[PDB]
Amino acid sequence: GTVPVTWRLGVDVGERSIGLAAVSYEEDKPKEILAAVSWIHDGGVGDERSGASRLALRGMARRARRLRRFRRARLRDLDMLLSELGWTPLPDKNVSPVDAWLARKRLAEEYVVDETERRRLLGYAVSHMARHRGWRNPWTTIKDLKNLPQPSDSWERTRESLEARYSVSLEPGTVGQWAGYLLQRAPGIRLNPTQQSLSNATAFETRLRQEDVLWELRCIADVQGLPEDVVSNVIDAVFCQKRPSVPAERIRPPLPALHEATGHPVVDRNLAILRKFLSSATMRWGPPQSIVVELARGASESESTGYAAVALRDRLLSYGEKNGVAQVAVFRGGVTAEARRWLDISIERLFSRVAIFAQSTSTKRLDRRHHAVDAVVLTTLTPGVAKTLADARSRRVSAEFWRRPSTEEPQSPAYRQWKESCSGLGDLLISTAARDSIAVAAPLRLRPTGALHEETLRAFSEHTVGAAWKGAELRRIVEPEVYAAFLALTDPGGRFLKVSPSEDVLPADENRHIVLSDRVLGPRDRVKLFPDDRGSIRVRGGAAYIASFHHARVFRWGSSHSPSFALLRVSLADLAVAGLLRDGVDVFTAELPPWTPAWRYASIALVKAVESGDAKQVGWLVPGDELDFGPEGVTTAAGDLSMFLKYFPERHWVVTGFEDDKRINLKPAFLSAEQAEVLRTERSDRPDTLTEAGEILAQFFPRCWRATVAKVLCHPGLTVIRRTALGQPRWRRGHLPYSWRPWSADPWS
RNA sequence: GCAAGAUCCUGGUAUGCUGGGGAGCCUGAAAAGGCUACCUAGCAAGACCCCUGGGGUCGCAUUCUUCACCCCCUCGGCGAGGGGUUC
DNA sequence: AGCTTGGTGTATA
DNA sequence: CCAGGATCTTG
DNA sequence: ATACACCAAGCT
Ligand SMILES: [Mg+2]
Ligand SMILES: [Mg+2]
Ligand SMILES: [Mg+2]
Ligand SMILES: [Mg+2]
Ligand SMILES: [Mg+2]
């Protein structure tokens, strides 16, 4: 089903986006824009706060797990050494908070003549020193730690500061003696400072070093008269540390292929999108005859010869030598902007965008389709013409700075031939923009991997059986068997929970017995409850909130001419507690038990409609799905959304999240984020230079449309559009995610 | 070419949270509650393998999960990794 | 009652 | 937060 | 330090 045409490929690579064009050619002039799509990616970023990528967060978590594993193994080996020496380690409970510190202070101060008491104090001191040993260089050997100046100069400065503050001198002033003395003298004192966060002045200021703990242990050994091999073994067990190695980063030569990852996140996202587009374009129109790529001027902050440019040249030249691409040329930013400038093509005129800035011309970054338009413009480019345009800009910027207290055109026959050949490019762009064939899409994240819950462990609340129970207290029951038993109490014919959060579900009953499969709970027995009336799971003996939702399952019930819709918001914790995070599981259609937080905190109408059997699952929505409202647009606008839709009549909206049980958060697909953020900045510091549409767009972002699901899915002709790699909506029901209509979708199974 | 770095990766540290404790202080004194520290265990759910338990290794990346089709790579029908699937 | 929307808490250095 | 190993960039 | 999920006044 491949019809070979003559077409060229245009790729603009940005920090958060990539624009791609397949332009069919007839006589070395543009003939047909086959596909133009801009793909918005996160560049591998999973933490928007710190800018850390998903791979970096995963590596930090994995190394934290490995640190805990090695710490557990090292402390177990120390415990076996202390058992071999007969020294008793510090017990888990039923000891004073300062037994370890007082043991360290007493062994570093005086000699202990009692045998069992000395061994007990030595075991307490050595176990506590292994739990708190301070930092050393990981490449420094134990022998090199022993060759360090003991004590360290930072601890000498700290000890002099402590002697100045408290007017006392301890010989020898180890951290064990000073901490024990300060915990006896000024109780409640903090020992180490916190950079995270009334005037509890800390005892120490610098980070503890392993040489100081080693010096204190050797001072304790010299005072107590321990044998040399015993001291050597105790040092080698307390300060044991794995040396750093290189397991994973194990780095004419053959150029890498398209399917091979490059290791860097932004380049990997751009490579994956370009690889999918190139594969689909090859299967539908044959191979391209050249590939023109525009790396951005950015994409490195905190002809291009950057790492992204080198990786893209090597992989696209691998594809070229495997498929027959005649040349591959990669340019440096921002050549395509001036190439768009000389043909009189503006995004604000091409897509009929209203003006946002009162003074000066608005930046093209407002409409996200500018990437695909730049890819179309890039398709026409050649390296000689790009050189002439770069020389023209370099000549123009100096005359522009000179003429402030120009514009002069450099002459080129290749530029003249290019401008003659690209006369109809503007007409093609108008024609393709009129029928809305230029698409802005985002890649879907469908794998159920990530943080399963929030990190903060929370304390359990607790409720008696025999008291009065409200709806929130029913919803917060931790144990699923007790939850199902209270479910059978409040509704014996029901399988799900349909109560208001504030209503009084059931009164006090002094002889209520909750029967189970393994015990019987009396009316005086106390049920473990989640602390708050929100989605939570039981992890490691505590409660944690659920993370962000993986998806929302769409349910429909009622008549054909007027149905009702609701979302079942499913997080990774629901799939974790349902046992669905395993092999061979379709996580969008698998049945969730009633005790999951999804079905606990679903809307009451959805619960009652599923219990009545009327409501069936007709589809699913992930963050990043595109809602095409059709040519009608949004007919249920109210509030600031109406004033937004007067000047930006958007029909394509992107799902970002599901903020409660009845609402879905939608942003406009074609409108950018950072442009509206700098509009907010100019609203903050430059009054009256912003138009009314700019003011409304600045107020609309960042939270966009917090939209009622009943007000969204009540539109006939609304489609959940899932694109192919070329930016075309997938309408054939296959094994890839397809476009569907909420008003007409078949029920699952 | 000093090196400002960018991407990770490896080894550590100190807080923080939860469970169990408690040195000082404040209440309650019948009894147990809080604050500041400090001690101790754990810090994704879990999964696999080896000798009841234990110990080791993976588990937040590769944005269309699973399934289906096609292509590529390593080892010995056979799994593990990747990649693509046009509207 | 129900939709707008304003504010805020998240593991961190 | 720390030190330092590997690519690869820019100086 | 983000952005999303949750909470809790206001309009209608
Ligand atoms: Mg673990
Ligand atoms: Mg400890
Ligand atoms: Mg330590
Ligand atoms: Mg671009
Ligand atoms: Mg401790």
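What you see below is based on every heavy atom in this structure, not just the backbone, and it leaves out hydrogens, waters and symmetry mates. Below, read A as the first sequence line, B as the second, and so on, with proteins coming before strands; counting in each chain starts at 1.
- Taking atom P in both B/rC72 and B/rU62, one finds a spacing of 26 Å when rounded to whole Å.
- Contact annotation: A/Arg68 side-chain N/O to B/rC43 OP1/OP2 distance is not under 4.0 Å.
- For the pair A/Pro702 and A/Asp532, both in contact range of DNA chain E, the more 5′-proximal nearest nucleotide belongs to A/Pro702.
- Residue contacts with the duplex place A/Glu659 in the major groove, since a side-chain heavy atom sits under 5.0 Å from one of the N7, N6, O6, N4 or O4 atoms while no minor-groove atom is that close.
- A salt bridge does not link A/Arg722 with A/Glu626: every distance from a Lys NZ or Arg NE/NH1/NH2 to an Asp or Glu carboxylate oxygen is 4.0 Å or more.
- Within 4.0 Å (heavy atoms only), A/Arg538 reaches no atom of the nucleic acid at all.
- Using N1 to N3 plus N6-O4 or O6-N4 for Watson-Crick, or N1-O2 and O6-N3 for G-U wobble, each under 3.5 Å, B/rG22 pairs with nothing.
- A distance of 3.5 Å separates CG of A/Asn270 from NE2 of A/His41, quoted to the nearest 0.5 Å.
- B/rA30 and B/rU13 have their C1' atoms separated by 47 Å, given to the nearest Å.
- Applying the Watson-Crick and G-U wobble criteria (two distances, each under 3.5 Å), B/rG1 pairs with nothing in any strand.
- Salt bridge A/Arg54/A/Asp42: present, at least one basic N to carboxylate O contact under 4.0 Å.
- Straight-line distance between the P atoms of B/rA41 and B/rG54: roughly 16 Å, to the nearest whole Å.
- Between C/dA11 and B/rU15 there is a Watson-Crick or G-U wobble pairing whose two distances both come in under 3.5 Å.
- Nucleotide B/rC8 forms a pair with D/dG5, judged by Watson-Crick or G-U wobble geometry with both contacts under 3.5 Å.
- Two rings, from A/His550 and A/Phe588, have their centers less than 6.0 Å apart.
- Looking at heavy-atom distances under 4.0 Å, A/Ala442 makes no contact with the nucleic acid at all.
- Groove engagement by A/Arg540: a side-chain heavy atom is found under 5.0 Å from a minor-groove base atom, with no such approach on the major-groove side.
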